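What follows is a set of notes on a single structure, which appears directly below.
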Amino acid sequence: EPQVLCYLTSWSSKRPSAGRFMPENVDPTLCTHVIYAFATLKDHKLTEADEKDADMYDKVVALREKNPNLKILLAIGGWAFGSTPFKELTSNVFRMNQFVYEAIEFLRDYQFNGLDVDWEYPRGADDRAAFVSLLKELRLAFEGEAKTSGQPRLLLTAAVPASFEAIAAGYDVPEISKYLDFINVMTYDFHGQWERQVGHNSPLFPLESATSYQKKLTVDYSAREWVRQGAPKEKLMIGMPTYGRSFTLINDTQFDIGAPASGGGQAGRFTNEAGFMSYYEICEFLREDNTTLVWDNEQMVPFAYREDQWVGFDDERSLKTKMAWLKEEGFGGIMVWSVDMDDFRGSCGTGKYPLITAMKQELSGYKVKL
Ligand SMILES: CC(=O)N[C@@H]1[C@@H](O)[C@H](O[C@@H]2O[C@H](CO)[C@@H](O[C@@H]3O[C@H](CO)[C@@H](O)[C@H](O)[C@H]3NC(C)=O)[C@H](O)[C@H]2NC(C)=O)[C@@H](CO)O[C@H]1O
Ligand SMILES: *[C@@H]1O[C@H](CO)[C@@H](O)[C@H](O)[C@H]1NC(C)=O
Ligand SMILES: *[C@@H]1O[C@H](CO)[C@@H](O)[C@H](O)[C@H]1NC(C)=O
């Protein structure tokens, strides 16, 4: 019963040419869940982020028409949304409750199967209580609307950080575990353009030369920290990135992990954002000349460089390494960010969706059990 929850970003539809991804481009046998990102809050009511999104919701739903057991969720929050929107929504019980009863109306109207909360991030005691308070009302009201209607309950999931620091600052793990259906651990962005050193986006294990703090910034330690803090293993969906984090090298000579960088590398031609790159953009970069491909046998992930350009990413191999690890640890499934940044056009040379397909064939036959 391993679950595969795939985030679909709404702004990928605004990509230039080949890059452009519509809910039509989703393979409905790929994932078990499709999470649309993101909605927004307007006057503390779950609402559309643009009037162009309303029809988008309709087409990400009715993917069920090609796979009737596929679940379609709406995600709110995100890295850009911030905290302040949730801090406010969460200051009076009437504001909260009303958001809940009406989000239910909003979701049931679009035929959504549930809601994903991506508050990034709660910090501090009062924030912790609010996050529990919110997920509690949502879950308990979903359980109630299941009673009072004649329908199967709406799902409640949440995206949560990987950092052991972030876990402690804003997450009552035993409590949110009780009310959440799935716990989507964002096990990526360990390193990026916000640093002046070259580091990998999502390393499974650490370098043996790493400090004891750096040894905690891995997929392995973060997932096991959540377990350590009381997260049930069958609810833990470990995040798998279909993107890499790119760097501009201060020096073309130093390309090893830890090499100085001045910032993010050249933006991808489609994603239009430095320091990051989609997988179909990675393959492009790999087919350049004098582009070197390295495999980190300690961290069990690849990275590539050309001239001053450095990128660390996940391929078919590293992700399969991660599925082997995930099954040995006994986690309930995976979470993907994002489906629209995997090679959905099979232009890397491999098949369509090489990354998510690689993880899927490796999770085949697997049953969650302790
Ligand atoms: C569950 C999860 O992964 N959540 C986090 C994500 O929110 C985050 O993805 C980043 O999301 C922001 C929005 O929060 C993206 O900004 C968008 O950037 C595009 C192009 O860069 C820009 O046109 C848009 O204005 C903006 N979106 C909107 C509509 O606001 C950002 O690019 C996303 N990054 C990636 C890699 O997809 C990622 C990682 O930052 O994962 C979690 O952090
Ligand atoms: C790049 O690094 C090497 C050492 O690895 C150093 O000797 C060289 O001077 C650096 N490049 C420049 C332009 O300084
Ligand atoms: C890049 O330069 C190195 C020599 O430093 C060479 O080994 C390699 O073949 C070149 N090209 C590629 C595609 O790796």
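Chains: A, B, ... in order of the structure tokens. Residues: from 1 per chain. Ligands: from 1, in order shown.
Neighbours of ligand 2 at a cut-off of 8 Å, computed so that only C-alpha atoms and all ligand atoms are counted, are the residues residues 251, 252, 253 and 254 of chain A.
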N, CA, C and O atoms of the current selection, written as a PDB file, in the first residue's frame:
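Saved the output as again.pdb:
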ATOM      1  N   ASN A 251      35.129  29.695  -8.810  1.00  0.00           N
ATOM      2  CA  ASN A 251      36.309  29.164  -9.472  1.00  0.00           C
ATOM      3  C   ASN A 251      35.999  27.866 -10.210  1.00  0.00           C
ATOM      4  O   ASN A 251      35.589  26.877  -9.600  1.00  0.00           O
ATOM      5  N   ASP A 252      36.215  27.877 -11.522  1.00  0.00           N
ATOM      6  CA  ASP A 252      35.948  26.723 -12.378  1.00  0.00           C
ATOM      7  C   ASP A 252      36.730  25.481 -11.949  1.00  0.00           C
ATOM      8  O   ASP A 252      36.356  24.355 -12.278  1.00  0.00           O
ATOM      9  N   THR A 253      37.817  25.698 -11.214  1.00  0.00           N
ATOM     10  CA  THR A 253      38.688  24.617 -10.764  1.00  0.00           C
ATOM     11  C   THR A 253      38.081  23.840  -9.600  1.00  0.00           C
ATOM     12  O   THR A 253      38.166  22.613  -9.547  1.00  0.00           O
ATOM     13  N   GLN A 254      37.476  24.564  -8.666  1.00  0.00           N
ATOM     14  CA  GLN A 254      36.880  23.947  -7.490  1.00  0.00           C
ATOM     15  C   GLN A 254      35.418  23.603  -7.745  1.00  0.00           C
ATOM     16  O   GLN A 254      34.559  24.484  -7.795  1.00  0.00           O
TER      17      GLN A 254
END
Closest contacts (chain A/ligand 1, max 6 Å, only C-alpha atoms and all ligand atoms) as a Markdown table:
| residue | atom | partner | partner_atom_place_in_ligand_line | distance |
| --- | --- | --- | --- | --- |
| A:11 | CA | ligand 1 | 29 (C) | 5.4 |
| A:78 | CA | ligand 1 | 7 (O) | 3.8 |
| A:79 | CA | ligand 1 | 14 (O) | 3.8 |
| A:80 | CA | ligand 1 | 14 (O) | 3.9 |
| A:159 | CA | ligand 1 | 1 (C) | 5.1 |
| A:186 | CA | ligand 1 | 3 (O) | 6.0 |
| A:271 | CA | ligand 1 | 20 (C) | 5.9 |
| A:272 | CA | ligand 1 | 20 (C) | 5.8 |
| A:273 | CA | ligand 1 | 21 (O) | 5.0 |
| A:337 | CA | ligand 1 | 3 (O) | 5.7 |
Output as a tab-separated table one row per residue of region 258-278 of chain A within 8 Å of region 243-247 of chain A: the closest atom pair and its distance in Å to one decimal place, counting only C-alpha atoms, sorted by chain and residue number ascending.
residue	atom	partner	partner_atom	distance
A:261	CA	A:247	CA	6.2
A:262	CA	A:247	CA	7.7
A:263	CA	A:247	CA	5.9
A:264	CA	A:247	CA	4.4
A:265	CA	A:247	CA	4.3
A:266	CA	A:246	CA	7.7
A:274	CA	A:246	CA	7.2
A:275	CA	A:246	CA	4.3
A:276	CA	A:245	CA	4.4
A:277	CA	A:244	CA	5.3
A:278	CA	A:243	CA	4.4
With 10 Å as the cut-off and only C-alpha atoms counted, what is the closest atom pair between each nearby residue of region 132-234 of chain A and region 300-307 of chain A? Distances in Å to one decimal, ordered by chain and number, as a Markdown table.
| residue | atom | partner | partner_atom | distance |
| --- | --- | --- | --- | --- |
| A:199 | CA | A:303 | CA | 9.6 |
| A:200 | CA | A:303 | CA | 7.7 |
| A:201 | CA | A:301 | CA | 9.4 |
| A:202 | CA | A:301 | CA | 7.8 |
| A:203 | CA | A:301 | CA | 6.1 |
| A:204 | CA | A:300 | CA | 6.1 |
| A:205 | CA | A:300 | CA | 6.8 |
| A:206 | CA | A:300 | CA | 8.9 |
| A:207 | CA | A:300 | CA | 9.8 |
Please identify every residue of chain A that has at least one atom no farther than 6 Å from an atom of ligand 3, counting only C-alpha atoms and all ligand atoms, and for each give the shortest atom pair and the distance in Å to one decimal, arranged by chain then increasing number, as CSV.
residue,atom,partner,partner_atom_place_in_ligand_line,distance
A:289,CA,ligand 3,13 (C),5.0
A:290,CA,ligand 3,11 (N),3.3
A:291,CA,ligand 3,13 (C),4.8
A:292,CA,ligand 3,14 (O),4.5
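Taking only C-alpha atoms, the non-local environment of residue 225 (chain A) within 9 Å (same-chain residues fewer than 3 positions away omitted) comprises residues 162, 163, 164, 167, 220, 221, 222, 228, 229, 230 and 231 of chain A.
For the atom pair formed by CA of residue 332 (chain A) and CA of residue 346 (chain A), the distance is 28.1 Å, given to one decimal.
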- Task: Write down as a VMD selection string the residues belonging to region 54-275 of chain A that are assigned strand (DSSP E or B) by DSSP computed on the backbone.
- Result: chain A and resid 71 to 77 114 to 118 155 to 161 182 to 186 197 236 to 241 243 to 249 260 to 263
What does the file look like for those residues with C-alpha atoms, as a PDB file, in the first residue's frame?
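Here's the written file part_7.pdb:
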ATOM      1  CA  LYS A  71      -7.306  11.444  -5.198  1.00  0.00           C
ATOM      2  CA  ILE A  72      -7.221  15.157  -6.006  1.00  0.00           C
ATOM      3  CA  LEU A  73      -6.260  17.604  -3.258  1.00  0.00           C
ATOM      4  CA  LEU A  74      -6.009  21.387  -3.034  1.00  0.00           C
ATOM      5  CA  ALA A  75      -2.877  22.801  -1.415  1.00  0.00           C
ATOM      6  CA  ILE A  76      -2.708  26.102   0.417  1.00  0.00           C
ATOM      7  CA  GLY A  77       0.405  27.842   1.691  1.00  0.00           C
ATOM      8  CA  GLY A 114      -9.036  16.861   0.505  1.00  0.00           C
ATOM      9  CA  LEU A 115      -6.855  19.771   1.597  1.00  0.00           C
ATOM     10  CA  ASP A 116      -3.079  20.105   1.936  1.00  0.00           C
ATOM     11  CA  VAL A 117      -1.768  22.688   4.401  1.00  0.00           C
ATOM     12  CA  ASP A 118       1.682  24.062   3.582  1.00  0.00           C
ATOM     13  CA  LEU A 155      -8.349  14.006   3.365  1.00  0.00           C
ATOM     14  CA  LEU A 156      -6.078  16.211   5.466  1.00  0.00           C
ATOM     15  CA  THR A 157      -2.376  16.374   4.639  1.00  0.00           C
ATOM     16  CA  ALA A 158       0.438  18.809   5.379  1.00  0.00           C
ATOM     17  CA  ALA A 159       3.852  19.667   3.985  1.00  0.00           C
ATOM     18  CA  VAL A 160       6.448  19.769   6.753  1.00  0.00           C
ATOM     19  CA  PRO A 161      10.152  20.744   6.866  1.00  0.00           C
ATOM     20  CA  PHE A 182      -0.412  12.118   5.478  1.00  0.00           C
ATOM     21  CA  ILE A 183       2.745  13.906   6.600  1.00  0.00           C
ATOM     22  CA  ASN A 184       4.599  15.135   3.515  1.00  0.00           C
ATOM     23  CA  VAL A 185       8.194  15.697   4.634  1.00  0.00           C
ATOM     24  CA  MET A 186       9.925  18.193   2.347  1.00  0.00           C
ATOM     25  CA  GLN A 197      29.218  27.078  -0.899  1.00  0.00           C
ATOM     26  CA  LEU A 236       5.292   9.640   6.600  1.00  0.00           C
ATOM     27  CA  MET A 237       5.555  10.532   2.918  1.00  0.00           C
ATOM     28  CA  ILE A 238       9.215  11.251   2.182  1.00  0.00           C
ATOM     29  CA  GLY A 239       9.726  14.069  -0.311  1.00  0.00           C
ATOM     30  CA  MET A 240      11.457  13.347  -3.610  1.00  0.00           C
ATOM     31  CA  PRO A 241      12.631  16.285  -5.769  1.00  0.00           C
ATOM     32  CA  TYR A 243      14.596  19.329  -9.619  1.00  0.00           C
ATOM     33  CA  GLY A 244      18.196  20.231  -8.888  1.00  0.00           C
ATOM     34  CA  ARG A 245      19.859  23.138  -7.101  1.00  0.00           C
ATOM     35  CA  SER A 246      22.355  24.999  -9.268  1.00  0.00           C
ATOM     36  CA  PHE A 247      25.405  27.131  -8.412  1.00  0.00           C
ATOM     37  CA  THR A 248      27.746  29.593 -10.102  1.00  0.00           C
ATOM     38  CA  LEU A 249      31.313  28.642  -9.196  1.00  0.00           C
ATOM     39  CA  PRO A 260      32.893  28.552  -3.201  1.00  0.00           C
ATOM     40  CA  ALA A 261      29.913  29.923  -5.120  1.00  0.00           C
ATOM     41  CA  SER A 262      28.813  33.507  -5.766  1.00  0.00           C
ATOM     42  CA  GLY A 263      25.152  32.542  -6.041  1.00  0.00           C
TER      43      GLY A 263
END
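Put simply, CA of residue 293 (chain A) is 21.0 Å away from CA of residue 356 (chain A).
Counting only C-alpha atoms and comparing A:85, A:242, A:144, A:54, the residue that lies closest to residue 7 (chain A) is A:242.
Checking A:279, A:94, A:188, A:21 one by one against residue 60 (chain A), counting only C-alpha atoms, you find the shortest gap at A:21.
Look at region 13-19 of chain A: the protein and nucleic acid residues within 10 Å of it, using only C-alpha atoms and passing over chain neighbours fewer than 6 places away, are residues 56, 269, 270, 271, 272, 278, 280, 281, 340, 341, 343, 344, 345 and 347 of chain A.
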Dump N, CA, C and O atoms for the selected residues as an mmCIF file, in the first residue's frame?
data_model
loop_
_atom_site.group_PDB
_atom_site.id
_atom_site.type_symbol
_atom_site.label_atom_id
_atom_site.label_comp_id
_atom_site.auth_asym_id
_atom_site.auth_seq_id
_atom_site.Cartn_x
_atom_site.Cartn_y
_atom_site.Cartn_z
ATOM 1 N N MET A 56 -8.804 25.536 -14.020
ATOM 2 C CA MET A 56 -7.683 24.639 -13.761
ATOM 3 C C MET A 56 -8.058 23.593 -12.716
ATOM 4 O O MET A 56 -7.723 22.416 -12.860
ATOM 5 N N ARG A 269 15.890 27.418 -19.035
ATOM 6 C CA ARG A 269 15.222 28.153 -20.108
ATOM 7 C C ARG A 269 13.709 28.218 -19.917
ATOM 8 O O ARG A 269 13.038 29.043 -20.535
ATOM 9 N N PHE A 270 13.175 27.348 -19.065
ATOM 10 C CA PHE A 270 11.730 27.248 -18.895
ATOM 11 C C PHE A 270 11.261 27.659 -17.502
ATOM 12 O O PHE A 270 10.257 28.357 -17.363
ATOM 13 N N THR A 271 11.984 27.227 -16.474
ATOM 14 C CA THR A 271 11.581 27.492 -15.097
ATOM 15 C C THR A 271 11.840 28.942 -14.690
ATOM 16 O O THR A 271 11.214 29.450 -13.758
ATOM 17 N N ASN A 272 12.759 29.596 -15.398
ATOM 18 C CA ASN A 272 13.097 31.005 -15.179
ATOM 19 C C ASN A 272 13.371 31.361 -13.719
ATOM 20 O O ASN A 272 12.685 32.202 -13.134
ATOM 21 N N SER A 278 14.799 22.259 -13.478
ATOM 22 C CA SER A 278 13.962 21.065 -13.574
ATOM 23 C C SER A 278 14.757 19.933 -14.212
ATOM 24 O O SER A 278 15.816 20.171 -14.789
ATOM 25 N N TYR A 280 14.163 17.993 -16.849
ATOM 26 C CA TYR A 280 14.292 18.032 -18.303
ATOM 27 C C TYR A 280 15.261 19.136 -18.711
ATOM 28 O O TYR A 280 15.824 19.106 -19.804
ATOM 29 N N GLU A 281 15.465 20.101 -17.821
ATOM 30 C CA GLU A 281 16.481 21.123 -18.030
ATOM 31 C C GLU A 281 17.866 20.586 -17.659
ATOM 32 O O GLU A 281 18.870 20.990 -18.244
ATOM 33 N N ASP A 340 5.387 18.260 -12.607
ATOM 34 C CA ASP A 340 5.547 19.071 -13.810
ATOM 35 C C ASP A 340 7.006 19.412 -14.107
ATOM 36 O O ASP A 340 7.298 20.110 -15.079
ATOM 37 N N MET A 341 7.919 18.918 -13.279
ATOM 38 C CA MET A 341 9.338 19.180 -13.489
ATOM 39 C C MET A 341 10.126 17.905 -13.731
ATOM 40 O O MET A 341 11.336 17.941 -13.963
ATOM 41 N N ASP A 343 10.600 14.785 -16.414
ATOM 42 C CA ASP A 343 10.538 14.826 -17.869
ATOM 43 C C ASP A 343 9.256 14.157 -18.355
ATOM 44 O O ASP A 343 9.242 12.966 -18.665
ATOM 45 N N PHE A 344 8.183 14.938 -18.418
ATOM 46 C CA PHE A 344 6.877 14.426 -18.820
ATOM 47 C C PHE A 344 6.770 14.272 -20.335
ATOM 48 O O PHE A 344 5.833 13.652 -20.837
ATOM 49 N N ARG A 345 7.734 14.832 -21.060
ATOM 50 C CA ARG A 345 7.746 14.728 -22.514
ATOM 51 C C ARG A 345 8.787 13.723 -22.998
ATOM 52 O O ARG A 345 8.996 13.571 -24.201
ATOM 53 N N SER A 347 11.921 13.788 -23.113
ATOM 54 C CA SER A 347 12.889 14.416 -24.005
ATOM 55 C C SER A 347 14.329 14.227 -23.536
ATOM 56 O O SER A 347 15.264 14.673 -24.200
#
Could I get the residues of region 166-253 of chain A with an atom no further than 9 Å from an atom of region 130-143 of chain A, each paired with its nearest atom pair and that distance in Å to one decimal, using only C-alpha atoms, sorted by chain and residue number, as a Markdown table?
| residue | atom | partner | partner_atom | distance |
| --- | --- | --- | --- | --- |
| A:170 | CA | A:131 | CA | 8.1 |
| A:171 | CA | A:131 | CA | 7.8 |
| A:172 | CA | A:132 | CA | 7.2 |
| A:175 | CA | A:132 | CA | 6.6 |
| A:176 | CA | A:132 | CA | 5.9 |
| A:178 | CA | A:136 | CA | 8.6 |
| A:179 | CA | A:139 | CA | 5.7 |
| A:180 | CA | A:135 | CA | 7.1 |
| A:181 | CA | A:139 | CA | 8.9 |
File dump, residues just selected, C-alpha atoms, as a PDB file, in the first residue's frame:
ATOM      1  CA  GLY A 170       7.097  24.834  15.164  1.00  0.00           C
ATOM      2  CA  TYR A 171       5.877  21.236  15.209  1.00  0.00           C
ATOM      3  CA  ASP A 172       4.085  19.272  17.915  1.00  0.00           C
ATOM      4  CA  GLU A 175      -0.391  15.994  18.037  1.00  0.00           C
ATOM      5  CA  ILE A 176      -0.383  16.766  14.308  1.00  0.00           C
ATOM      6  CA  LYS A 178      -3.134  12.324  15.263  1.00  0.00           C
ATOM      7  CA  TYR A 179      -5.130  14.580  12.939  1.00  0.00           C
ATOM      8  CA  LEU A 180      -3.144  14.395   9.687  1.00  0.00           C
ATOM      9  CA  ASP A 181      -3.788  11.639   7.152  1.00  0.00           C
TER      10      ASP A 181
END
- Task: From the DSSP assignment of the backbone, select every residue of region 133-264 of chain A that is alpha helix (DSSP H), and format the answer as an NGL selection string.
- Result: :A and (133-148 or 164-170 or 173-179 or 219-228)
Those same residues - C-alpha atoms - I'd like them written as a PDB file, in the first residue's frame.
ATOM      1  CA  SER A 133      -5.533  24.038  16.572  1.00  0.00           C
ATOM      2  CA  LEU A 134      -5.985  24.407  12.818  1.00  0.00           C
ATOM      3  CA  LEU A 135      -5.329  20.804  11.793  1.00  0.00           C
ATOM      4  CA  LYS A 136      -7.570  19.689  14.654  1.00  0.00           C
ATOM      5  CA  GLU A 137     -10.568  21.743  13.528  1.00  0.00           C
ATOM      6  CA  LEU A 138     -10.020  20.730   9.900  1.00  0.00           C
ATOM      7  CA  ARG A 139      -9.826  17.020  10.745  1.00  0.00           C
ATOM      8  CA  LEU A 140     -12.640  17.063  13.317  1.00  0.00           C
ATOM      9  CA  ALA A 141     -14.885  19.063  10.978  1.00  0.00           C
ATOM     10  CA  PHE A 142     -14.058  16.718   8.099  1.00  0.00           C
ATOM     11  CA  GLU A 143     -14.973  13.798  10.359  1.00  0.00           C
ATOM     12  CA  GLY A 144     -18.143  15.716  11.179  1.00  0.00           C
ATOM     13  CA  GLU A 145     -19.055  16.596   7.600  1.00  0.00           C
ATOM     14  CA  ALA A 146     -18.596  12.901   6.832  1.00  0.00           C
ATOM     15  CA  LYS A 147     -21.169  12.141   9.539  1.00  0.00           C
ATOM     16  CA  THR A 148     -23.661  14.864   8.674  1.00  0.00           C
ATOM     17  CA  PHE A 164      15.617  19.106  12.894  1.00  0.00           C
ATOM     18  CA  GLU A 165      15.759  22.775  13.900  1.00  0.00           C
ATOM     19  CA  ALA A 166      12.560  23.592  12.024  1.00  0.00           C
ATOM     20  CA  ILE A 167      10.864  20.493  13.445  1.00  0.00           C
ATOM     21  CA  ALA A 168      11.437  21.664  17.019  1.00  0.00           C
ATOM     22  CA  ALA A 169      10.629  25.340  16.455  1.00  0.00           C
ATOM     23  CA  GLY A 170       7.097  24.834  15.164  1.00  0.00           C
ATOM     24  CA  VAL A 173       4.651  15.972  16.115  1.00  0.00           C
ATOM     25  CA  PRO A 174       2.574  13.603  18.270  1.00  0.00           C
ATOM     26  CA  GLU A 175      -0.391  15.994  18.037  1.00  0.00           C
ATOM     27  CA  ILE A 176      -0.383  16.766  14.308  1.00  0.00           C
ATOM     28  CA  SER A 177       0.207  13.069  13.622  1.00  0.00           C
ATOM     29  CA  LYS A 178      -3.134  12.324  15.263  1.00  0.00           C
ATOM     30  CA  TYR A 179      -5.130  14.580  12.939  1.00  0.00           C
ATOM     31  CA  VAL A 219      17.169  12.775   3.758  1.00  0.00           C
ATOM     32  CA  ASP A 220      18.064   9.872   6.051  1.00  0.00           C
ATOM     33  CA  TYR A 221      18.521  11.831   9.292  1.00  0.00           C
ATOM     34  CA  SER A 222      15.501  14.076   8.695  1.00  0.00           C
ATOM     35  CA  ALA A 223      13.035  11.252   8.067  1.00  0.00           C
ATOM     36  CA  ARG A 224      14.372   9.419  11.122  1.00  0.00           C
ATOM     37  CA  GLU A 225      14.088  12.597  13.191  1.00  0.00           C
ATOM     38  CA  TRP A 226      10.364  12.744  12.442  1.00  0.00           C
ATOM     39  CA  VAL A 227      10.044   9.123  13.564  1.00  0.00           C
ATOM     40  CA  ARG A 228      12.027  10.023  16.675  1.00  0.00           C
TER      41      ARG A 228
END
- CA of residue 256 (chain A) and CA of residue 296 (chain A) are how many Å apart? 10.1 Å
